[PDB]
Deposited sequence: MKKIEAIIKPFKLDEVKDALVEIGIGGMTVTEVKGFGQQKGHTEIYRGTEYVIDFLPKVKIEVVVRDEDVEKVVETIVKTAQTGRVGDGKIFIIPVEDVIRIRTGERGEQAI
């Protein structure tokens, strides 16, 4: 599994969120952040199976790219385990 962390322009949040839900993303975490003066951005984090990473990356790029400066970046970070707090299920069972 991998954590996908994307820093995007605030106004692109609803479009990226919808596009991700369309391709089957079960959950996501959003944080208000600042970046580059410091400009407001939105950080999205989703953790997915290794085999779903590329589709997610493509979708975020297609949806948030405007062609102008400050569109953001996407980081792929390794995740060694995921645990669902409600059930205690782990790994694939916890998504």
property	result
Sequence ranges absent from the coordinates, based on the deposited chain and numbered from 1	37-53
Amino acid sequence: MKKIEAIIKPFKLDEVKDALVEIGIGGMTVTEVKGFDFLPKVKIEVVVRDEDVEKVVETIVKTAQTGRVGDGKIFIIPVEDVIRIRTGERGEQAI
From here on, numbers count along this sequence of modelled residues.
{"query": "Selected stretch [higher average CA B-factor]: 72-80 or 20-28", "finding": "20-28"}
{"query": "Stretch with the higher entry mean CA B-factor, where the candidates are 40-48 and 60-68", "finding": "60-68"}
{"query": "Where the record places residue 8 (Cα B-factor, split into thirds across the chain)", "finding": "lowest"}
